[PDB]
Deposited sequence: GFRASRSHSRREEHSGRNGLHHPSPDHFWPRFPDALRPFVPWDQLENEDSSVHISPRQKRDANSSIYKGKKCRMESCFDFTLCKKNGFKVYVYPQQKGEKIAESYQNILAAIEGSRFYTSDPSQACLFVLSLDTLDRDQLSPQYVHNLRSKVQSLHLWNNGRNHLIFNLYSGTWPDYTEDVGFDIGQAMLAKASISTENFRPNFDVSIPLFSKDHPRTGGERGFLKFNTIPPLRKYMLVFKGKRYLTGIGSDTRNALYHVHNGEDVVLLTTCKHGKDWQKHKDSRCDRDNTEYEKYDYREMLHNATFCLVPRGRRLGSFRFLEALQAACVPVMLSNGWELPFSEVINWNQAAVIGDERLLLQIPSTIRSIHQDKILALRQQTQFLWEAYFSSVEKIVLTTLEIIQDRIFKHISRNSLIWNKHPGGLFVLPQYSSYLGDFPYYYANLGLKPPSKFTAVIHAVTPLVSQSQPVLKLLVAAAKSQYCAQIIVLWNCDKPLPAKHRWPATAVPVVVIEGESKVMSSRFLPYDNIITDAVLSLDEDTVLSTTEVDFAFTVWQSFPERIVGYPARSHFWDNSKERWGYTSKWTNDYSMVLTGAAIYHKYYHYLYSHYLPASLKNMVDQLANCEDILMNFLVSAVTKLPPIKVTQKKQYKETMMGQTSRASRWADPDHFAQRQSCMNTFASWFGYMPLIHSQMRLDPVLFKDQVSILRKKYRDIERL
C-alpha cells in the first residue's frame, strides 16, 4: 500500500535497528572486479572516513552500496551492466530497507527520466536532479550535481573576498551555455535571445552540439557563434550579479555550484527542481527562484530586487557554498546528518541551525536542541552570554580564583556553558581570568586565551610549520589558559574521527592544536589573544590539515587588552 513509490520514514524504514542511539552506516565491500568511477570513490571515502562508518553489518542501521550507481545512462562510459542482478544477489539487501543509494545521472537520450535501472524497492535515493512531483517529502534527499573533479576534501574558499555596496557589478543577468537545436529541455535556453540586451543582460548561446548539428542549424546560430567567443565564461560569472541557471537536458546542472562559487545569486529556471538539501535549507535566502514560463519579464523582476536583498542573497550564497557544497565530503556528511535528523524527532536540528552560521554539520543536536546551549545563536535570540564559567584543570597549583567561578573541576590521571581549561604549570591571576571572561562574553564562539602560536608554509619542504617565539602574528591560542564553550568539548569528543585523537594520545600532545583547528574551522574566524619534542607538532599539523583538506587557521595580529 504505502510500501511502493510513496515510501516514507514510518513505513519503509526500520526504526528499531536505529532505536539504539548508535546511528551508523555500513559500506559494502568491493568486488575487486568491477569498474568504479572516481566520484563514487570519493563518496565511499567520505562515508568511510566519517564517524558514522562501522564495519559490523549488524550494528549499522544504514546501508550504502559499493557498486557505482552515480552514472545510470547507458550511453555513458561509467555505466555498470547487469546491476539489477548484482543488487538482487546481495545477501544484506533485504529488499533495500535501510539502504541509501547515491545517484547523479539518470535517463536515456529520448527522455531523461529517473531511470535508475534496478529495483530500488524501499531504499531511499539521494538523487541529484529530482523533480518535485517524483520526490518523497521526508524520505529522499536532493543532492547537488558535482563533477568528477569536485574536491574530495577541503574547498576553494569561495570567491567573494570583498562585500561591496552597491551590491552590483558590470552586468546583471549572465549565461554562456549551449543551446540545443533538437531534443527536450532546450526551450528556455533557445528563448533567451528574446531578452538578450546590451551590457546589462548578456545571454550567450552555442549551437555546436555533437556532430550532426549542422543539418539542424538555423539562421540564428551563425551570428551567435561569433559573438559567443567574445567573453570568457569564468570571467563573465565574476562580473555578474545574477547568474542564470536554466534547465538543459536534466533539471540539475553544474552551473548551480559555479553560481555559488562566484557569489552571484543564481536565478533558477528549471521548473519543479527539488533544490539541493531543500528540506533543511531555505533557498529564498541564497537564491532567486523564478518560473521559466515568465521568462520575458525576468530582468524586470531582477531589477525590482532591493539592494539590501541582493546583499543578503549574495552573502547567503557564499555561506551555503562554503558550508554544504564545498566538497563531496561535505555533501555526503550533509546527507547523512539529514538522515540522522529523522530517527529521533526531538534530538534534531531546527531550521535556524541549517540556514545560519556555522551550519548544521558543526551543530550536533545530540548535545542539546536548545539554541541557547550553543555559542552561535545569542544575537539571533534575545539572550546574553552566560555569566558563570566552570574551571577545568587537568593535572598530570595555585588555583586561586573565586569571581565568576561557579565550580572548579580537577582531573587526575559541568553546568555552565563557558569552560576555563587550565594547566597546572600555568599561573594566572584572578583579575586576568575575569578580564579574559569579559572578553569572551563579547566573542563566545571563539577561543580567548593568553598563549598564542602561529603557523607558516615552508616552500622548501612543502610542509606546514609551527613557531612559538616572538611571532609577529598568531593563528592558534593554547587551551592551557583559554576560555571557550563546552559544546567545543562535545564536538571534539564526538565529531572528529578516532584516528586524529588516537595520534594525539600516542604522541602525548597535539590536543590543543586540534582544538584550535576545530574552532577555526567551525567559526572561520581567528582566535583572540589577551594580555625532539618540537618535531611532532609539524607532523600533527600536516595530518590535521590532510584530514580537513585545507588549513582552517587564519592569521591575526590584534591583541585585546584592558583599558
Gaps relative to the deposited sequence fall at 1-65, 462-475, 493-529, 648-669, 702-720
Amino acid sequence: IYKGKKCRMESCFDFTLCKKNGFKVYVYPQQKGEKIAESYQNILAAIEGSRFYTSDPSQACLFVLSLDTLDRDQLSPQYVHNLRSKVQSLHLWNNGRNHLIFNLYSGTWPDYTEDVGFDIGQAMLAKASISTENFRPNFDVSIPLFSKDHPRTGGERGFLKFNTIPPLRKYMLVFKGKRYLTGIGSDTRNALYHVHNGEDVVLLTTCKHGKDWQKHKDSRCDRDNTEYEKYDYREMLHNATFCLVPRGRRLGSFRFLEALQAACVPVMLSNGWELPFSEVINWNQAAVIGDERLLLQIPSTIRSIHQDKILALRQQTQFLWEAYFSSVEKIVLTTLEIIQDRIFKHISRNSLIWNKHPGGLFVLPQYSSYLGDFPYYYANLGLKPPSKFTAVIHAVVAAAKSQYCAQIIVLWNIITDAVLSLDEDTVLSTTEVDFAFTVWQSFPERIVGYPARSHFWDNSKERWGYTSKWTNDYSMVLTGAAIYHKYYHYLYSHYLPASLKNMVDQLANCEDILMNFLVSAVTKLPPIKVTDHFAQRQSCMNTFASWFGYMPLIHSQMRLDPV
From here on, numbers count along this sequence of modelled residues.
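Rigid core here is just the name for the largest C-alpha set that superposes within 1.5 Å across the two forms.
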Of the two stretches 225-233 and 97-105, CA positions deviate more in 5 other deposited structures of this protein after rigid core alignment for 225-233
Core superposition done, the stretch whose Cα atoms deviate more in 5 other deposited structures of this protein, picking from 401-409 and 460-468, is 401-409
